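Trainee: Structure provided below as structure tokens; questions to follow.
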Amino acid sequence: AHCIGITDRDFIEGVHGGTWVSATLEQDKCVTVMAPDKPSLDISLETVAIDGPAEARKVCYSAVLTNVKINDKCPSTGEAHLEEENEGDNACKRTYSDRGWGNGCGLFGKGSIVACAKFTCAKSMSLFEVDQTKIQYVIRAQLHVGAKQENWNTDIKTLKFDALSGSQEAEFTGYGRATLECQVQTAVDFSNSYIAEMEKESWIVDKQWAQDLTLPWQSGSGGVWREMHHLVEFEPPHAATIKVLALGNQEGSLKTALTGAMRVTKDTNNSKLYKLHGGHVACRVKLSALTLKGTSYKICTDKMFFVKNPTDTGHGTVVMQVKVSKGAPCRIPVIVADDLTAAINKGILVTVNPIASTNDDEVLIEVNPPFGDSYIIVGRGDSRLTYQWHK
Amino acid sequence: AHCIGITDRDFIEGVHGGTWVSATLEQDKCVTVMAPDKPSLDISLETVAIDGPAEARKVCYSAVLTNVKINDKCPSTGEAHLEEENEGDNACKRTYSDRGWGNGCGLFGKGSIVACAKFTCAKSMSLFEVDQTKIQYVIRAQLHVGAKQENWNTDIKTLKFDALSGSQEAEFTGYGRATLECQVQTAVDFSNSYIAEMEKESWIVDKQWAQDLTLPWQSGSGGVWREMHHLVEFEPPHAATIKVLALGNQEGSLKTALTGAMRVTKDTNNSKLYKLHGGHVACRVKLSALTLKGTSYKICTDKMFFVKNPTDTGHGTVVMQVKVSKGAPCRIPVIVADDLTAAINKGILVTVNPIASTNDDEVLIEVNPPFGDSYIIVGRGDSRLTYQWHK
Amino acid sequence: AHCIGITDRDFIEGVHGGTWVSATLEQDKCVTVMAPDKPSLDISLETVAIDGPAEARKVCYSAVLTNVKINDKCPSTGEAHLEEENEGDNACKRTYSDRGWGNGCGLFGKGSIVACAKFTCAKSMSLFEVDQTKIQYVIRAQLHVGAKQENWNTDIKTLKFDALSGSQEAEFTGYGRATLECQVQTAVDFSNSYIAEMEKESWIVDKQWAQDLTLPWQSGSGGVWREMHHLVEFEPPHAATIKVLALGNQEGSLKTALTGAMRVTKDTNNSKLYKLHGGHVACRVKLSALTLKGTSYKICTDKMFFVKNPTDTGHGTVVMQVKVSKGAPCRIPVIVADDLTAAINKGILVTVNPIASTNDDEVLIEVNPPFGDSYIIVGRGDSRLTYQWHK
Amino acid sequence: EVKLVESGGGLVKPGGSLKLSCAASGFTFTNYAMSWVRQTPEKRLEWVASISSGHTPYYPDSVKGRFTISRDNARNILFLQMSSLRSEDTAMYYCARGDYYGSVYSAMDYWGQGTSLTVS
Amino acid sequence: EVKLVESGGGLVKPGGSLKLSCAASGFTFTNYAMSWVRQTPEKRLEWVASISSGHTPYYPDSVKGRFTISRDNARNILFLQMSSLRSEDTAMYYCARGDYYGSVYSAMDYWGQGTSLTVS
Amino acid sequence: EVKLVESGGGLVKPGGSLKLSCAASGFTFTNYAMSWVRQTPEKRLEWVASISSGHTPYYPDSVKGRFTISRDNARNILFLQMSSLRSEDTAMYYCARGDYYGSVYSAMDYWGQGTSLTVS
Amino acid sequence: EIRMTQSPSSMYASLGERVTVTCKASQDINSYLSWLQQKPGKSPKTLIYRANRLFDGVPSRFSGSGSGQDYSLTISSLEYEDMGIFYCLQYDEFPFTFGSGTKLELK
Amino acid sequence: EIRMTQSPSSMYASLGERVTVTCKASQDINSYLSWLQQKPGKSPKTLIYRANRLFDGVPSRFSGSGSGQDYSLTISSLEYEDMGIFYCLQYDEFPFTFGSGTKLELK
Amino acid sequence: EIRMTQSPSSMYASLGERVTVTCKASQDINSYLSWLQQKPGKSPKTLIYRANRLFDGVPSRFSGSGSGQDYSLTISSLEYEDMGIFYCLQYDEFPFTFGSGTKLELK
């Protein structure tokens with residue numbers, strides 16, 4: 001009763017009387033649990049997340065330059081300098097130039113020349129500091145109650161998990177309980193890394209990479225851009241002039257290098273919640289505390305009718321929908337066998353008992369068929385309902 | 001001639017009928033010129049000089065630090081900044097210290113630290129570039145007229161020389177004319193060098209040395225000191241705070257290193273005029289236009305006497321002061337000989353005629369006597385005057 | 001304890017029933033003391049100092065020269081003398097010059113010449129001798145009371161130790177006493193050395209090094225300067241005169257040479273108090289008079305919470321800050337173990353009992369997880385609080 | 001828009017103790033440094049204390065052991081513990097902020113409405 | 001006092017030429033930049049050219065290729081080659097230094113008294 | 001007895017020249033340094049010249065070249081020859097000896113009776 | 001070629017009055033702008049050099065302000081000694097130019 | 001340890017006219033100087049944060065200037081709301097310090 | 001260049017009165033100062049050739065004291081040879097130079 005078509009849908013079966021089992025989850029997939037006489041369970045990672053990591057640093061992937069200003073000195077007349085050179089904010093560079101009498105100079109030789117321009121970032125990425133203690137895990141769980149597919153969204157459990165709350169317990173109405181026990185200490189190493197964001201798109205990458213970026217960068221809080229001479233370059237001088245080049249938006253180059261970095265996204269609602277893809281974790285669960293809600297109920301042996309016919313799962317099992325038109329808190333027998341003689345239920349009933357809980361509503365059923373040809377069987381007496389199946 | 005007094009004479013003798021001879025002059029020494037029938041001529045450097053050379057650089061050799069500032073950040077939370085960083089006037093440095101809860105720090109690890117201080121040079125040397133074309137030489141020239149020593153400073157001739165006033169001549173009353181040429185374009189390499197200036201003391205050194213000096217420097221005027229790195233150093237941070245050393249006045253170190261440099265001095269009469277001590281020049285002279293003033297005169301044969309006795313020079317020659325009393329415009333015989341028989345003038349007369357120009361006035365004589373014993377003889381008859389001499 | 005903030009920490013563990021332990025102490029670092037059933041003690045070397053050591057020597061690293069005098073004699077007339085020569089305050093030099101008629105002399109040759117100038121130290125460093133008897137240690141020591149980070153400054157015991165004292169112990173309330181026999185007699189060899197004082201900077205230097213310094217020097221009594229020849233220099237005479245040269249301020253050179261010395265520091269509160277930087281001390285410590293104070297109190301696990309969550313120290317143990325508000329004075333338990341099953345307390349507990357001594361206040365705790373990774377516990381039941389750690 | 005406002009003022013017995021505080025608003029509170037100043041009954045101003053954005057404290061020798069400044073930046077609550085309060089400590093007290101780089105070396109910017117303190 | 005004083009105003013035929021000039025005094029004139037400006041009739045004030053402390057000129061298209069500035073260290077004299085003159089260029093001209101660094105890009109402090117140029 | 005006796009002071013033509021002299025007595029004259037000094041008619045004393053016991057002369061810049069000392073210690077006589085004489089001076093002249101250590105840098109010991117210049 | 005102007009043809013003004021002028025350009029100049037004053041029959045004088053700060057001797061009677069495209073000068077407590085012509089001036093691109101002129105007159 | 005002093009002191013002043021107040025320190029404070037004002041009872045506010053530099057919102061009518069060890073504030077024309085007690089404050093040196101303030105009033 | 005300035009010029013005092021006269025020099029003179037008298041119409045006389053040094057035959061009623069830069073005579077009793085002109089003379093620096101002189105009289 002969950003996990004339609006999931007990219008992996010693997011089974012773990014507990015040893016009988018084993019209070020715990022362990023599982024490793026990856027956000028692509030889910031894992032379903034068999035408990036040898038207790039309702040089957042299933043679990044999956046909705047997300048791992050950080051909220052509002054610290055705004056440590058910004059980097060400009062593009063800038064614009066304006067009002068380039070220049071002056072000069074004849075070779076003997078000391079050395080050129082200009083007000084902006086003494087301050088920042090202007091990415092200044094200075095060098096020697098050839099000059100001669102024909103340039104109006106007093107003498108022939110190396111003069112000196114200085115050039116600077118106001119620098120402003122056009123577009124910038126931002127970086128943010130991960131706190132491991134601010135990591136959250138959010139895990140989905142659902143028990144194979146056979147509830148209507150629509151009801152899954154109101155049935156589904158979710159639990160928060162983090163190092164300060166390493167244990168939690170799910171509860172299921174009449175279906176008992178199960179504890180869950182996430183593992184933080186070896187899941188992820190984000191302490192060595194920044195979150196990085198550009199335009200509604202973001203990645204996680206290690207601090208040392210960010211430190212090594214050739215691009216110019218900015219404090220978390222102020223105006224002093226720090227290394228503009230990586231982005232700007234100056235032509236070799238002509239006799240009294242230099243033209244100064246802004247490199248274009250490095251964005252594509254940068255975004256190409258990040259192509260191997262793990263992707264991250266903002267929430268729509270909390271703009272400061274960052275949700276991280278590619279996450280994986282280990283966890284443990286107490287199986288014992290679950291309950292088979294309706295095993296005592298009346299066996300149907302009656303003319304139920306199908307609502308969605310037996311159809312192949314993404315892997316292995318078959319699924320179907322059925323309801324009872326007139327009945328009770330009731331339960332339905334299910335068998336899968338080589339022959340319509342049905343000598344053994346060769347396959348495994350996955351919802352370990354599909355109780356027809358009410359007159360109101362259909363129930364979902366899931367079965368692992370055997371290899372080769374087999375017959376699906378539901379109900380009892382001459383009133384039983386059946387169809388062919390294979391592997 | 002004044003060259004009698006100098007600690008070192010070089011002698012050069014012109015070939016008969018030779019229009020020119022050449023000599024090399026160096027400030028601590030002087031030259032005397034002999035020619036077979038021409039009054040002997042002596043020449044010397046007074047000085048070589050530069051006028052108001054242009055400011056290449058200023059260099060500080062001491063500085064004082066004040067208004068020292070600190071800022072810090074908790075280890076993961078960012079990178080420290082301070083407004084004063086953004087202008088060179090504050091001689092910044094940046095570093096990290098560990099911090100932890102003992103520092104009140106909210107987490108354990110390397111906190112970022114920055115610090116600054118207002119920098120001022122306390123005492124600075126200045127540098128100036130050698131315009132080789134602006135070099136001047138001054139040559140002192142004098143003739144062995146045998147004029148009294150008391151008169152030398154009024155008889156002596158001073159000649160200017162300049163890269164584009166490359167020829168000059170001198171005139172001596174009755175003794176005629178002399179003309180001089182010298183290597184104003186070529187005698188020194190010093191366009192490769194700066195004049196170095198401290199308080200009332202100065203040197204000349206090559207540009208490369210100065211440019212290599214590991215000390216903060218300034219150029220033009222008023223601009224920010226461009227190389228704070230060396231004169232200021234900061235301790236390791238301690239107890240999440242820092243304080244800043246300053247190195248001592250490097251003046252002594254610098255003045256020690258300059259011990260190999262050639263020395264320079266200031267004209268008290270002209271703050272722009274610098275005089276360079278230790279230069280040398282190559283020079284050439286026309287002797288042809290000289291004449292021996294008194295040649296036509298009679299001999300006195302009358303009772304002259306020594307105003308000052310025959311006496312040793314610095315140079316193995318000897319000198320005398322003699323006056324004729326009753327007499328005439330007269331040329332007086334002087335002989336150095338083995339015997340009072342005076343068979344041969346064994347040695348060389350340096351003032352090629354001693355002339356008593358008037359009965360009132362002594363005349364000064366130099367001769368180069370032979371090795372060993374000899375007699376100096378002056379005058380004739382029993383009125384003769386004589387003196388023993390040795391080597 | 002204050003000691004948590006030290007960057008360099010190491011553990012001494014006493015053998016069981018060792019009533020004494022001992023520790024070696026160094027200003028850069030701290031020691032922590034463990035014993036099987038005792039409150040842990042932290043020990044740190046504080047200031048090592050002298051007040052008013054006696055003046056050894058003063059050295060003028062800069063001086064100025066003025067009133068310069070010259071006197072001279074013609075070579076035959078014997079040796080020159082001067083009035084100002086009569087007293088050492090004028091730092092005289094005597095030599096010989098050329099003289100001759102060209103400088104008005106009566107005879108050519110070497111003549112006696114003499115010069116003086118009053119000499120005054122501009123700036124001087126001073127030296128002061130180490131009385132080992134006057135060496136005063138201060139030492140900081142504090143038990144792991146689990147006191148709040150802030151209260152460290154007030155619980156801390158500060159004790160002074162010197163060559164006149166063996167132990168001067170103190171008591172910790174309820175935790176009892178520890179005696180402290182410091183190695184006041186033995187820890188340093190400085191009797192062979194001076195404290196060197198420059199302007200607001202100072203060093204310790206051996207007497208030989210200092211006495212070997214060539215700059216002019218003066219007794220601690222301030223007697224007239226002894227050796228000005230090493231600061232004052234003289235040109236070879238020009239026939240009229242000698243120029244006298246003051247060497248520059250040497251402090252830059254000397255402060256360079258001092259770079260190998262251990263640094264020393266002035267106190268502003270008493271200008272005669274000098275503090276030695278980076279010293280060593282050791283001490284013998286009694287632990288048996290210590291007490292685990294809290295054993296009387298209960299265990300309640302009564303809805304405790306973190307005031308500040310667990311975190312790694314600078315030194316690989318982990319710490320946390322917690323309160324039981326309301327509740328009662330209580331000593332809640334702490335363990336680190338292999339698993340959430342918590343089979344073995346595989347790592348070491350570093351402070352043994354908390355004391356929730358008043359219903360409004362927090363406690364600080366420290367633990368030492370085992371190599372690899374391990375799980376931390378405080379409190380009991382499903383209501384217990386937990387986290388995860390590496391080695 | 002930014003606002004600071006004081007709390008915890010009033011009266012205590014001489015030698016006694018208090019913990020003053022301020023609530024502050026409109027700025028990313030971690031980034032600023034902050035400080036306290038007295039207006040005395042003499043109507044002469046005085047500096048009390050400051051803390052860096054790097055969470056480091058500063059005091060004048062008038063109170064080196066007496067006050068303690070502190071803040072919680074996550075809750076952006078600022079605190080000023082005090083003890084040994086003497087007659088001369090009776091004054092108006094205001095708190096204030098520095099600048100966005102937030103060294104204590106800063107021209108102080110905005111001041112709270114103030115709260116008084118007295119002893120008797 | 002720092003001073004400028006213009007010279008070489010007067011009258012000339014169109015298409016003729018003149019020396020406009022000025023003397024500077026009271027400062028190390030070589031180190032400053034220098035600049036020329038005019039007020040025309042119709043009560044407008046207009047730049048015409050400047051030179052760096054480095055001997056280097058700057059020109060508007062109104063005058064580009066007509067004129068040049070020059071100066072000497074020898075006497076601290078400005079010159080301006082009034083040339084190919086044309087009817088609009090009748091104005092009171094002025095010169096007014098530059099800045100301490102020798103930037104042409106600057107404000108400027110002190111103005112000479114100016115002189116009238118006219119053309120028939 | 002230290003009697004010192006100047007001679008030769010008198011009238012002279014402007015631009016003319018003169019040689020002054022003085023006779024010493026009573027001490028080993030060679031050992032001492034000496035000086036010439038002029039009492040201005042408005043009563044300003046002014047140093048003229050001095051001479052070392054090593055015959056090293058000294059002069060103020062005001063008479064460089066124009067004046068010179070010489071001495072004859074075979075006869076204990078001082079000379080001061082001078083040229084281009086100018087009515088800037090019409091003083092009484094005196095001379096004096098220095099230290100027995102014999103150096104220019106001495107106070108004056110004793111002065112002669114003097115003789116006066118005039119120029120017309 | 002930066003265009004710029006300030007609007008007023010003149011200010012009629014009186015002793016102790018406060019009066020102002022404002023200028024607007026074609027490009028976001030870096031406050032590399034000045035205001036200049038000229039009483040008749042003599043050369044101009046420069047009051048404010050970088051658009052916020054004065055040269056020596058210019059009295060507190062004057063001040064100025066602005067950013068980017070927009071600037072102003074103000075006079076506090078005017079006097080007749082301050083009357084006459086006024087000009088702005090840009091100088092962060094080489095076609096240096098003054099925009100519109102204006103003037104200050106007694107009422 | 002720095003101290004500061006004002007040569008002026010609490011006074012009446014000619015409302016509407018320009019007004020001046022002045023301070024000196026123990027030493028050079030490198031223009032780390034701020035000026036501030038109070039009206040009785042209500043909380044003080046800042047005016048000048050370095051010599052010749054101003055907050056937003058503070059009136060352009062103020063300016064103060066100086067250098068080294070001594071400095072002065074002016075307003076180029078006073079206002080009834082703006083006459084009050086004025087304080088100056090250096091903030092370079094380790095213990096910060098205030099210069100004793102000057103009141104302004106007129107009938 | 002060196003300059004001297006004796007402080008008085010024209011004092012009068014009784015026969016046997018006590019008087020101090022004093023001079024400051026333009027820089028250090030390190031007590032290479034002398035004090036001289038001209039009795040009118042006859043050749044000068046030498047009094048003190050460094051401070052704290054009586055010249056030979058000068059009576060003990062003359063005295064004088066000094067410093068780096070400022071110096072004085074004191075006369076304990078102006079006996080009748082007092083009448084005349086008193087001069088200081090520096091001789092540390094080779095352009096030797098004199099005070100103005102100063103007279104004394106009875107009438």
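Naming works like this for the structure tokens: A, B, ... for the chains as they're shown, residue 1 at the start of each chain, ligands 1 onward in shown order.
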Can you list, as a ChimeraX atom specification, every protein, DNA or RNA residue that comes within 9 Å of segment 227-232 of chain A when you count only C-alpha atoms, leaving out same-chain residues fewer than 2 positions away?

Mentor: /A:61-63,65,90-93,119,214-217,225,234,244-248

Trainee: Generate a file of the selected residues that holds N, CA, C and O atoms, formatted as a PDB file, in the first residue's frame.

Mentor:
ATOM      1  N   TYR A  61      30.952  36.409 -10.253  1.00  0.00           N
ATOM      2  CA  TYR A  61      31.283  35.777 -11.517  1.00  0.00           C
ATOM      3  C   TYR A  61      31.208  36.739 -12.688  1.00  0.00           C
ATOM      4  O   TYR A  61      31.582  36.360 -13.801  1.00  0.00           O
ATOM      5  N   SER A  62      30.721  37.957 -12.473  1.00  0.00           N
ATOM      6  CA  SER A  62      30.825  38.985 -13.496  1.00  0.00           C
ATOM      7  C   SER A  62      30.901  40.357 -12.856  1.00  0.00           C
ATOM      8  O   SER A  62      30.374  40.584 -11.764  1.00  0.00           O
ATOM      9  N   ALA A  63      31.533  41.280 -13.576  1.00  0.00           N
ATOM     10  CA  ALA A  63      31.695  42.650 -13.117  1.00  0.00           C
ATOM     11  C   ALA A  63      31.702  43.589 -14.309  1.00  0.00           C
ATOM     12  O   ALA A  63      31.934  43.178 -15.446  1.00  0.00           O
ATOM     13  N   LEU A  65      33.206  47.626 -15.429  1.00  0.00           N
ATOM     14  CA  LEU A  65      34.231  48.618 -15.125  1.00  0.00           C
ATOM     15  C   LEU A  65      33.834  49.965 -15.709  1.00  0.00           C
ATOM     16  O   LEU A  65      33.300  50.024 -16.816  1.00  0.00           O
ATOM     17  N   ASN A  90      38.843  50.201  -6.694  1.00  0.00           N
ATOM     18  CA  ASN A  90      39.132  50.676  -8.041  1.00  0.00           C
ATOM     19  C   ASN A  90      40.155  49.820  -8.778  1.00  0.00           C
ATOM     20  O   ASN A  90      40.609  50.216  -9.857  1.00  0.00           O
ATOM     21  N   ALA A  91      40.527  48.669  -8.231  1.00  0.00           N
ATOM     22  CA  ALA A  91      41.204  47.609  -8.980  1.00  0.00           C
ATOM     23  C   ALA A  91      42.426  48.093  -9.758  1.00  0.00           C
ATOM     24  O   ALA A  91      42.718  47.608 -10.850  1.00  0.00           O
ATOM     25  N   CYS A  92      43.149  49.053  -9.206  1.00  0.00           N
ATOM     26  CA  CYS A  92      44.158  49.786  -9.957  1.00  0.00           C
ATOM     27  C   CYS A  92      45.292  48.872 -10.427  1.00  0.00           C
ATOM     28  O   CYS A  92      45.623  47.880  -9.777  1.00  0.00           O
ATOM     29  N   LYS A  93      45.882  49.197 -11.583  1.00  0.00           N
ATOM     30  CA  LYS A  93      47.172  48.629 -11.976  1.00  0.00           C
ATOM     31  C   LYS A  93      48.065  49.709 -12.576  1.00  0.00           C
ATOM     32  O   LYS A  93      47.585  50.695 -13.139  1.00  0.00           O
ATOM     33  N   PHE A 119      35.219  49.507 -10.054  1.00  0.00           N
ATOM     34  CA  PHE A 119      34.824  48.117 -10.226  1.00  0.00           C
ATOM     35  C   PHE A 119      33.504  47.865  -9.511  1.00  0.00           C
ATOM     36  O   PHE A 119      33.358  48.236  -8.346  1.00  0.00           O
ATOM     37  N   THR A 214      39.849  31.555  -8.484  1.00  0.00           N
ATOM     38  CA  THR A 214      40.555  32.725  -8.989  1.00  0.00           C
ATOM     39  C   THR A 214      39.686  33.979  -8.992  1.00  0.00           C
ATOM     40  O   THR A 214      40.221  35.091  -8.991  1.00  0.00           O
ATOM     41  N   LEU A 215      38.369  33.822  -8.997  1.00  0.00           N
ATOM     42  CA  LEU A 215      37.459  34.956  -9.035  1.00  0.00           C
ATOM     43  C   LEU A 215      37.634  35.874  -7.827  1.00  0.00           C
ATOM     44  O   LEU A 215      38.087  35.444  -6.768  1.00  0.00           O
ATOM     45  N   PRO A 216      37.315  37.154  -7.978  1.00  0.00           N
ATOM     46  CA  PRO A 216      37.302  38.067  -6.832  1.00  0.00           C
ATOM     47  C   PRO A 216      36.133  37.790  -5.910  1.00  0.00           C
ATOM     48  O   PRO A 216      35.098  37.260  -6.316  1.00  0.00           O
ATOM     49  N   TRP A 217      36.296  38.201  -4.653  1.00  0.00           N
ATOM     50  CA  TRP A 217      35.355  37.835  -3.605  1.00  0.00           C
ATOM     51  C   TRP A 217      35.156  38.942  -2.582  1.00  0.00           C
ATOM     52  O   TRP A 217      35.974  39.851  -2.435  1.00  0.00           O
ATOM     53  N   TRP A 225      35.669  44.689  -1.979  1.00  0.00           N
ATOM     54  CA  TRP A 225      36.061  43.602  -2.866  1.00  0.00           C
ATOM     55  C   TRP A 225      37.578  43.475  -2.900  1.00  0.00           C
ATOM     56  O   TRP A 225      38.300  44.464  -2.785  1.00  0.00           O
ATOM     57  N   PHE A 234      44.806  44.488 -18.171  1.00  0.00           N
ATOM     58  CA  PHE A 234      45.228  45.747 -18.777  1.00  0.00           C
ATOM     59  C   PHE A 234      46.095  45.473 -19.999  1.00  0.00           C
ATOM     60  O   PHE A 234      47.040  44.685 -19.926  1.00  0.00           O
ATOM     61  N   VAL A 244      41.480  48.973 -20.880  1.00  0.00           N
ATOM     62  CA  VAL A 244      41.336  47.991 -19.810  1.00  0.00           C
ATOM     63  C   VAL A 244      40.143  47.095 -20.104  1.00  0.00           C
ATOM     64  O   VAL A 244      39.062  47.581 -20.452  1.00  0.00           O
ATOM     65  N   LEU A 245      40.346  45.788 -19.969  1.00  0.00           N
ATOM     66  CA  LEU A 245      39.386  44.772 -20.383  1.00  0.00           C
ATOM     67  C   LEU A 245      38.720  44.135 -19.173  1.00  0.00           C
ATOM     68  O   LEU A 245      39.404  43.624 -18.281  1.00  0.00           O
ATOM     69  N   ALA A 246      37.390  44.151 -19.151  1.00  0.00           N
ATOM     70  CA  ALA A 246      36.613  43.251 -18.309  1.00  0.00           C
ATOM     71  C   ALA A 246      36.408  41.932 -19.044  1.00  0.00           C
ATOM     72  O   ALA A 246      35.835  41.913 -20.134  1.00  0.00           O
ATOM     73  N   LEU A 247      36.857  40.832 -18.452  1.00  0.00           N
ATOM     74  CA  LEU A 247      36.410  39.528 -18.917  1.00  0.00           C
ATOM     75  C   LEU A 247      34.902  39.395 -18.745  1.00  0.00           C
ATOM     76  O   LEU A 247      34.305  39.982 -17.843  1.00  0.00           O
ATOM     77  N   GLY A 248      34.283  38.632 -19.639  1.00  0.00           N
ATOM     78  CA  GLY A 248      32.853  38.383 -19.591  1.00  0.00           C
ATOM     79  C   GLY A 248      32.418  37.560 -18.388  1.00  0.00           C
ATOM     80  O   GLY A 248      33.215  37.107 -17.567  1.00  0.00           O
TER      81      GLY A 248
END

Trainee: So that I can see what lies close to residue 34 of chain A, please list as a PyMOL selection string the residues with an atom at most 10 Å from it, counting only C-alpha atoms and leaving out residues fewer than 5 positions away in the same chain.

Mentor: chain A and resi 11-15+39-42+144+287+350-352

Trainee: With C-alpha atoms retained, write the just-selected residues as a PDB file, in the first residue's frame.

Mentor:
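Result file follows (again-v2.pdb):
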ATOM      1  CA  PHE A  11      12.676  -6.024   0.652  1.00  0.00           C
ATOM      2  CA  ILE A  12      14.348  -6.684   4.014  1.00  0.00           C
ATOM      3  CA  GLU A  13      12.968  -9.659   5.993  1.00  0.00           C
ATOM      4  CA  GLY A  14      13.510  -9.818   9.751  1.00  0.00           C
ATOM      5  CA  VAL A  15      14.534 -12.960  11.580  1.00  0.00           C
ATOM      6  CA  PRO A  39       2.357  -6.238   9.158  1.00  0.00           C
ATOM      7  CA  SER A  40       4.877  -5.200   6.523  1.00  0.00           C
ATOM      8  CA  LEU A  41       6.429  -1.732   6.725  1.00  0.00           C
ATOM      9  CA  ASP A  42       8.088   0.653   4.259  1.00  0.00           C
ATOM     10  CA  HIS A 144       1.208  -1.908   4.276  1.00  0.00           C
ATOM     11  CA  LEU A 287       9.748  -4.192  14.489  1.00  0.00           C
ATOM     12  CA  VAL A 350       3.142  -9.112   1.034  1.00  0.00           C
ATOM     13  CA  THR A 351       0.375  -7.332   2.948  1.00  0.00           C
ATOM     14  CA  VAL A 352       0.451 -10.185   5.428  1.00  0.00           C
TER      15      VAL A 352
END

Trainee: What are the residues of chain E that have an atom within 9 Å of an atom of chain G, counting only C-alpha atoms, as a ChimeraX atom specification?

Mentor: /E:43-49,58-61,94,104-114

Trainee: Pairing every C-alpha atom in order, fit chain G onto chain I and give me the RMSD in Å.

Mentor: 1.0 Å

Trainee: What is the distance between atom CA of residue 102 of chain B and atom CA of residue 322 of chain C, in Å to one decimal?

Mentor: 17.1 Å

Trainee: What is the atom CA of residue 369 of chain C-atom CA of residue 347 of chain C distance in Å, reported with one decimal?

Mentor: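 About the pair atom CA of residue 369 of chain C and atom CA of residue 347 of chain C: they are 4.6 Å apart.
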
Trainee: Pull out every residue of chain B that has at least one atom within 10 Å of chain H, counting only C-alpha atoms, and report them as JSON, numbers by chain.

Mentor: {"B": [66, 67, 68, 69, 118]}

Trainee: Quote the spacing between atom CA of residue 257 of chain B and atom CA of residue 278 of chain B in Å to one decimal place.

Mentor: 18.5 Å
